[PDB]
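Side-chain atoms are counted along with the backbone in the values below, which use heavy atoms only and exclude waters and symmetry mates. Throughout, protein chains are lettered first and strands after them, A, B, ... in sequence-line order, and every chain is numbered starting at 1.
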Amino acid sequence: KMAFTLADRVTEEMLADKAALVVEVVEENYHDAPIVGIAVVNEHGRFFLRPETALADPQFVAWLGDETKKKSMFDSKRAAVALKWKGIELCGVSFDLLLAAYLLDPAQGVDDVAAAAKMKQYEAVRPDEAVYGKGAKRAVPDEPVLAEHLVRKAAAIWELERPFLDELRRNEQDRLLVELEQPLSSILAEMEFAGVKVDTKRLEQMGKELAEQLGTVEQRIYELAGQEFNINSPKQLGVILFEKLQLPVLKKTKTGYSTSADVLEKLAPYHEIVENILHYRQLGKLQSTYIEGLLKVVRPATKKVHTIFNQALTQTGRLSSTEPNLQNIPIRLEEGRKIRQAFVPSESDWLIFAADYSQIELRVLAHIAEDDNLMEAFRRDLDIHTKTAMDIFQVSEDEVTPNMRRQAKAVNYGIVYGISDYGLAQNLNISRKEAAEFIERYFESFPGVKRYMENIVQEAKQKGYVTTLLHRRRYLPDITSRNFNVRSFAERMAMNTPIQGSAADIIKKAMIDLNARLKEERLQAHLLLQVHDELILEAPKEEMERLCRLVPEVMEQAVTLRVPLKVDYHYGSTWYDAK
DNA sequence: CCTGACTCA
DNA sequence: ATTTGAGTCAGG
Ligand SMILES: Nc1ncnc2c1ncn2[C@H]1CC[C@@H](COP(=O)(O)OP(=O)(O)OP(=O)(O)O)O1
Ligand SMILES: [Mg+2]
């Protein structure tokens, strides 16, 4: 039905200056993964190429790397990174169907061509899973079966480009795709392929010392409990706490007694064992995830870890980070924070540079809600987190520890994002009456915020979606539900999504501008990680003074708001020391 | 395989 | 009924 040529060799007509291109990587993690087949669809026809052939052809390599030869693809970052592991540079990607689908509706969770094709009732293509199988059954099919699939995906991208571009424009999301998400994709590809170097000697030594400590904590817990049990089993732990030790049951879930951190902290006046158990579970996560888990994914020859930043997953426009996640490395307790000493520069005499947006979503909220007191508070360069802390704990602006400031931060965001008196009371372990009062005195300080939250909920109910500064959209079909719980969740997404998502837009624009600046000044410095409202770089030590100016400036100037943007920054010999 | 732990923004 | 957005892990 769909004619295509199974080429034995690359020909001139395959190298047209506009094409839909498929460079197939079947493994979920595409770092150093096999390329199993290539497809090209253009004005001249439809082609399948064997990668052994095509990727060793100097004209095909040349075409891939030619910025003036425009390619339409699906998940171009996957291809770009797979090709870098093959030592080949991919340039000129002009359209990405994955990112196009993501912006049109992130709720669809589009993650193959067939799923994007369905958005426009295009059915002449199969889902990837149906072709390759799942779990232990996964496999590349016989060549003719593989070739047809790849070509059908290329044909889909080719015929779907205009319809998707048309709808993006209708939505005012065309520049968001072309000028923000697509250029970011290339930047993320660079970051992933660069990787972050790990000090495995230090990490392994930390692991040995941690094992000993876990043993000591473990034995003490058994002593306190009067028996041995699996502390890492919430079920067994529940029996010990609420049956053997007869402690009060504060919460249940569908599976049985809750042993959450929040519940165990509240049980501290009844038995010292709950504090030990909380310590044990913290240490155990360090070991399983940040020592053992991390060392499993280090590439042994280079000692580097290579994350994958998922650009088309979160419902608000944030990135996520997987295998390993490098956006949740410990920082909040000194015990876990020391993990960051194992993340080091990739060359000697280089350093790690880290920058963080100050009170980021509160600034954005001030701008969007146009609240008087809040907009003013940032012109006066106030720290609303610390002020809130002084108030909540009844202390002076010098008795506020970092932990206290962090706890205030969750209260400040909690409130603007819809926390109830019950939630706030449980969060700070205070009376609900007292909690209700903090909330009241909060919306009195910032009345425009309150209006904005009422107003954005009403709007969402009328339009059925909310939007960000750069025209990112989230649909919220549940917001007019007759069901209280379902409706309430959707209403809180309407409160949060425009703010978190606008803040995502900003740091994304900051990454693009920053790279442009790094290139024009021909610095060796380069981005390693993004952590939502943080950018981590490494660079020669001689570039630290110039970065101290360049990085914060670019980040602060990324957009222009009604309030200042403020960036904190540091550097040092390890990620830990960049504080 | 899911749930409830821990980790971050 | 009860802040938002994420990922990985051991246990079961
Ligand atoms: N508990 C929470 N609830 C909702 N959103 C939160 C959150 N914690 C963080 N976020 C969201 C909202 C904030 C944003 C960034 O996290 P930062 O810790 O960096 O908060 P920032 O306000 O920038 O504080 P600063 O840098 O001055 O210490 O992510
Ligand atoms: Mg911040």
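Whole-Å rounding puts the A:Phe443 CZ to C:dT3 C1' distance at 10 Å. Counting to the nearest Å, the P atom of C:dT3 and the CG atom of A:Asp262 are 11 Å from each other. Atom OH of A:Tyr280 is separated from atom P of B:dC6 by 13 Å (rounded to the nearest Å). Between the NZ atom of A:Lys251 and the P atom of C:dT2 there is a distance of 8 Å, rounded to whole Å. The distance between atom OH of A:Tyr290 and atom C1' of B:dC8, rounded to the nearest whole Å, is 7 Å. Atom CG in A:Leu428 sits about 12 Å away from atom P in C:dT3, given to the nearest Å. To the nearest angstrom, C1' of B:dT7 lies 16 Å from CD of A:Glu292. Between A:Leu333 atom CG and B:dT7 atom P the separation is 6 Å, expressed in whole Å.
Using a 4.0 Å heavy-atom criterion, one finds that A:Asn328 contacts the bases of the nucleic acid, with or without backbone contacts as well. A:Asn230 comes within 4.0 angstrom of the backbone, heavy atoms only, and of no base. Contact annotation for A:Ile277: no contact, since no heavy-atom pair falls under 4.0 Å across all strands. As judged by a 4.0 angstrom heavy-atom cut-off over every strand, A:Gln236 is placed among residues touching the sugar-phosphate backbone only. A:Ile415 comes within 4.0 angstrom of nothing in the nucleic acid, heavy atoms only. Among the protein residues, A:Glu323 comes within range of the sugar-phosphate backbone only, with heavy atoms under 4.0 Å from sugar or phosphate atoms but none that close to a base. Base engagement by A:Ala410 is indicated by at least one non-hydrogen atom pair under 4.0 Å involving a base atom. The residue A:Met495 sits apart from the nucleic acid: no heavy atom pair falls under 4.0 Å. Counting non-hydrogen atoms under 4.0 angstrom, A:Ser488 reaches nothing in the nucleic acid. At the heavy-atom level, A:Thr253 lies under 4.0 Å from the strands shown only through sugar-phosphate atoms.
Across C:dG5, C:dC9, C:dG11, the shortest atom-to-atom separation from the side chain of A:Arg474 is found for C:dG5. Of the candidate nucleotides B:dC6, C:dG12, C:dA6, C:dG12 has the atom lying nearest to any side-chain atom of A:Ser233. The side chain of A:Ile331 lies closest to B:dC8 when the candidates are B:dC8, B:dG4, C:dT4. Closest to the side chain of A:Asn485, out of C:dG5, C:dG7, C:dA1, is C:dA1. For A:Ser288, whose side chain is taken as the heavy atoms from C-beta onward, the closest listed nucleotide among C:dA10, C:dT3, C:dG5 is C:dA10. Candidate nucleotides B:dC8, B:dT3, B:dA5 were compared by shortest atom distance to the side chain of A:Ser260, and B:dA5 ranks first.
Interface remark: the A:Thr289 side chain does not form any donor-acceptor pair with the C:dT8 base, using a distance-only criterion of under 3.5 Å. Evaluation of atom-type donor-acceptor distances gives a pair under 3.5 Å for the side chain of A:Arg432 against the base of C:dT2. For C:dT8, its base sits under 3.5 Å from the side chain of A:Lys285 at one donor and acceptor pair at least.
Spacing between B:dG4 and C:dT2 at atom P, rounded to whole Å, works out to 14 Å. The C1' atoms of B:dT3 and C:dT3 are separated by 22 Å, rounded to the nearest whole Å.
Proximity of A:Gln287 to the phosphate of B:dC6: no side-chain N or O atom is located under 4.0 Å from OP1 or OP2. Distances shown here put a side-chain N or O of A:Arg281 below 4.0 Å from the OP1 or OP2 atom of B:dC6. OP1 or OP2 of C:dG7 sits under 4.0 Å from a side-chain N or O of A:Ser320. When the side-chain nitrogen and oxygen atoms of A:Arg492 are compared with OP1 and OP2 of C:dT2, none of them lie within a distance under 4.0 Å. At the phosphate of C:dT8, neither OP1 nor OP2 sits under 4.0 Å from any side-chain N or O atom of A:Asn325. Look at A:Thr259 and you won't find any side-chain N or O under 4.0 angstrom from OP1 or OP2 of B:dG4. A:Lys235 has no side-chain polar atom (N or O) that falls below the 4.0 Å cut-off from OP1 or OP2 of B:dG4. For A:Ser420 and C:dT3, the shortest distance from a side-chain N or O to OP1 or OP2 is below 4.0 Å.
Across every non-hydrogen atom of A:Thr322 and A:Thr307, the tightest pair is O-OG1, 3.1 Å.
Stacking is not found between A:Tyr417 and the pyrimidine-like six-membered ring of the C:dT3 base under the 5.5 Å centre-distance and 30° plane-angle cut-offs.
Judged purely by distance below 3.5 Å, without hydrogens or angles, the side chains of A:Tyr102 and A:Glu181 never pair a donor atom with an acceptor atom. Checked by atom type, the side-chain pair A:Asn171/A:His471 shows no donor-acceptor distance below 3.5 Å.
Note: A:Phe343 and A:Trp575 have perpendicular aromatic rings, judged against thresholds of 30 and 60 degrees for the angle between ring planes.
Under a 4.0 Å N-O distance rule, the pair A:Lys304/A:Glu538 does not qualify as a salt bridge. Using a cutoff of 4.0 Å between basic side-chain nitrogens and carboxylate oxygens, A:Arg138 and A:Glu27 are not scored as salt-bridged. With salt bridges taken as basic N to acidic carboxylate O contacts below 4.0 Å, none links A:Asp262 and A:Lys251. In summary, A:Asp32 and A:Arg299 engage in a salt bridge, as defined by a charged side-chain N under 4.0 Å from a carboxylate O.
The torsion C1'-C2'-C3'-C4' is the criterion here, and for B:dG4 it is negative, giving a south pucker.
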